[PDB]
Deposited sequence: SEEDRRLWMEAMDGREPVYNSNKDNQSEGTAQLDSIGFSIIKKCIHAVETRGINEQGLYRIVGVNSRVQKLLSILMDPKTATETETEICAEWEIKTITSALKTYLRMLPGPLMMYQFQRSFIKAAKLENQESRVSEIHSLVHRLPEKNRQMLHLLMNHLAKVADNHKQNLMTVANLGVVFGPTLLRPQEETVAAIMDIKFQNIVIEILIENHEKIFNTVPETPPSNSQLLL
């Protein structure tokens, strides 16, 4: 879809359902649902407050969220900033990495930053319940790295860092999204 009020609506409805009734489900966002049911939920989420019905499986609701993200004209992190995000995740200093990424996040247009904020806040909660759902920060990075940054030469060796970027955003979401860079 697009980054319009419908998009934020879809994300919020999906985040809410996963948190209020699927936080303990194993393999959240790793386990794929039945494409048939996914597309059907999506079509209902596009247009005629409310909340997803219990009739919908969690695997279906998390898959809806991921496919919606892959349907955006461009990656949420933006083609225009991708290279910068990868370069920052490479810094040898564990702290220089957060600073650069922090600054890069605040340069994104409001809408990308906002959706990215809702997503990372939510994933941090998912990850904190890893003993039960098995989804650690690293495991979430693998699922969302290629979904938020759409990757052709020798750049194949930087794919791994796309995942590190998501990890950094999950682990430092409070600082990165709730404060302005130094």
query	finding
Non-modelled portions of the deposited polymer sequence, in sequence order	1-30, 79-84, 188-190, 222-231
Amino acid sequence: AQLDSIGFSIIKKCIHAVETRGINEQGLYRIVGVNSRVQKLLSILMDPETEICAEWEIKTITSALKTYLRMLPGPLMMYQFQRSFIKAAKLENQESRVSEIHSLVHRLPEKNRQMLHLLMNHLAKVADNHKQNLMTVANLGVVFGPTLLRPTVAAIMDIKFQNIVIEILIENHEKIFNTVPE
From here on, numbers count along this sequence of modelled residues.
property: 99-107 or 85-93, whichever carries the higher mean Cα B-factor; result: 85-93
property: Entry-level comparison of average CA B-factors, 124-132 and 63-71, reporting the higher stretch; result: 63-71
property: Out of 147, 114, 139, 43, residue topping the C-alpha B-factor column of the entry; result: 43
property: Ranked against its chain, the third holding the CA B-factor of residue 153; result: highest
property: Chain third (lowest, middle, highest) by recorded CA B-factor, residue given as residue 58; result: middle
